[PDB]
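Read through the structure below, which is laid out as structure tokens, and then see the notes.
We just call them A, B, C, D, E, F and G in the order they show up, numbering each chain from 1.
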């Protein structure tokens, strides 16, 4: 996760062809460049990621998710709420552990009735 | 042997102390009369601070 | 590894540069309004009186216009070591010593006032050519004796000087310094041998 | 008797300073582990900044000539670990254990 | 109260090799021109590098300083005037001046220098500090043993609380001039013809040891022997800086021969490998008993000079002297000189006292240390009380320098 | 622009709103 | 620290002006051979005679 600073594709000759997509991510700790798979270009345009946008990318799927403009670009004169987010703290690359406590009955209720059929339910 | 070594080293230490060469029993230093810091002391402190700033 | 680092000028040639504070670091554009809202105070090249100087000479400073004519702050540092002053009569009455000439005592006190009682500097600057040769202990003894006598005559109490102890201390230090490398090696060998003997004794006592 | 040639004899109205025996003395601007006085004005300690939010390593606050407060920095072999250090592998584990036990003084800025 | 105040004072450090000058508060001297000046039979003086390096008929090379002290006051006035007009570009009466002086400067010479600075230059304030004190101040040390190896003398000066312990000064004649003489003797033994660069019109590359194929400049005017000797000394000093190296331990012929050679090319195109002879020359600074000059002489090695100087001081101050050893002077820049000195001192220092050499092994920190300390001292706000004002020189007279400047 | 209507204020002085 | 006590980072400022004679001088060279604290009277040997 970090603020996007560059989205430069890496052109190449095929053995315009791109072999990598370099994304530069900035956090309060520093900046990192990632040599992402070229296929991520579809998700970047789907999420409309632009320079100065805070994003996070999960290691497994490689799909990008956009979480708003960095608050360093927010002025006091423009009105938006969800589209601004503070610059991520910590290292650009993070390993997070999430521990959740559930009961077998919680799983039973969850799988018995998942949340137009939803509207009627 | 150990008793002889102990007696020998004790006599050697006593002889060195008689000579004064025993640094483990150095005499203390008489405390000079206390005085406040003078102009030159403050000048040297400022000198040290400025030299650090320069480097 | 080290917990903390200590150094005077800098710790090592590989030291990172110091961080200086500055605005505009994040770009001029973001701080444009802050810098533009204010105006700087005027600075002047102005003469300043230093009350620590007895002549009254006027040097020049870079200072704000509002600070003109203010007392020099560094003059507060100006304070000398308190050294008594005695008249010819007081010396003849109390400070007379067959071992010390009056002119010699006045020279010693002048050096003491010049060098803030730094008796090593006084000894280095002592005029051994004109007056008799004096050791630093003799200078300290004479100074402290005169100060005690003048205080007792005029007025509290001060600790007395012990010239003999200082002489013995310096003699012992010189003897410890002049010893050959073999003698100091023998001293350290005796230290380590005594430590190993005591260690064996302590081990035997612990076993018992 | 053996001490007698250089024996210590206290005198009334006198005070004395004990000699250094355990460790050889050193200048004030040197660590107490090296026999120095360890004067706190010369000490370099780990410091964290607000911008960037990264520990810069060992630093000491020093006022500059024009009153500008400067952060002097001391080189250390573990500088990369100190850069990664924030919010409190073998060397990293030992450093983390030492910091969590608060054996290292690590300053952080706060508003007054 | 605050940071040191800058009063626009000047700092002059006139050494036997180069005259260092600048403005107080700077971290480096703004000028350093050779102390040797050209003289034409007051006499016409050529002082800076631009004028010294061009041949002139009946122009002699002289120096105002002798044994670290100024002897010819006319050339001293000429050098000061040149410094002001060309480099300072400011009126002398507008800036206070702080000058360095040799630890062994005489009272009469100090009085004459003060009289000159006040009567002739009409300066507003003056101060005269010792080179050792300034060297100590540049390193933030108030006490320590200064070890200066310039061009004229190698001197160890013990400083305590910012005061030179004159009784502890030990001086040796082994310095840059001795090394220059040794290199001259080595070149003479090897039959290397020293051709100064001013005589060379053009040159062609030649193999090692091959005769020099160079063309002499035409229409060259007659030059005095002093100027030719000065140019030869300059090229020899360049050789000293580029080739010479101090052995890391006691000189051994086998160990010196095993180490790789260094190749040097003379101005006339002559080139050779100096083998082990490059190591023998700097050893004379440490073991003068082996020097071809006089084996039975009484000269003391740099480490012996160090140990002797400290040995003359109060033993209460010797821990401070050994705990802060400050090396200065251009002659100490010779490769591995600091390492060899540290090794020898650690071997000779008593184990009961800590020995520490300050890490200042750079050209700027070694040559200009006195100027750096002078700038620091002149920039202190607390030092503004120490200045000798013109009014003080008027009332107290020429003798006022004896009491104001310790 | 603010500078066209208002005096800038000297450092260390309280803004009051003096115009050109 | 672990006890909740707070320490402010030292700032190496230029020397402060003296308010009184409390700024007692310290010999930095003496402190190389002897401790900076006077020996307590409890461990000081008795007066000679």
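Miscellaneous remarks
Convention: a contact is a pair of C-beta atoms (placed from the backbone, for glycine too) under 8 Å apart; a residue touches a chain by one contact, two chains touch by 3 or more.
Taking A-D and C-D together, the pair of chains sharing more C-beta contacts is C-D. Centre-to-centre spacing of chain B and chain G amounts to 17 Å, using the average Cα coordinate of each chain. Computed from the mean C-alpha positions, the centre of chain B lies at a distance of 23 Å from the centre of chain D.
One simple way to say how far apart two chains are is to compare their mean CA positions; for chain A and chain F this gives 45 Å. For the pair chain B and chain F, the distance between mean C-alpha positions equals 65 Å. Of all residues in chain G, those touching 2 or more other chains are 12, 14-15, 17-18, 28, 30, 32-34, 38-39, listed in ascending order.
Taken residue by residue, chain E touches two or more other chains at 1-4, 139-142, 160-161, 316-317, 319, 323, 352, 379, 381-382, 385, whereas all remaining positions touch fewer.
Residue positions of chain C touching 2 or more other chains: 8-10, 12, 73, 76-79, 159, 162, 165, 168, 171-173, 176.
Taken pair by pair, the chains that touch are A-D, B-C, B-D, B-E, B-G, C-D, C-E, C-F, C-G, D-E, D-G, E-G.
Chain E makes touch with chain B in their complex at residues 3-4, 27, 137-142, 161-162, 352, 372-373, 375-377, 379-383, 385.
By the touch criterion stated above, chain G contacts chain D in their complex at residues 1-2, 7, 9-14, 28, 30-39, 44-48.
Those residues of chain D that touch chain C in the complex are listed here as 6, 9, 11-15, 27, 29-31, 34, 36, 38, 42-45, 56-59, 62, 64, 68-79, 94-95, 98, 103-105.
On chain D, the positions that touch chain B within their shared complex are 1-6, 8, 14-19, 21, 62, 64-65, 72. Residue ranges on chain C touching chain B, taken from their complex, read 8-10, 77-82, 116-117, 144, 147, 158-159, 161-162, 165-166, 168-169, 171-173, 175-176, 179, 183, 187, 190-191, 193-194, 197.
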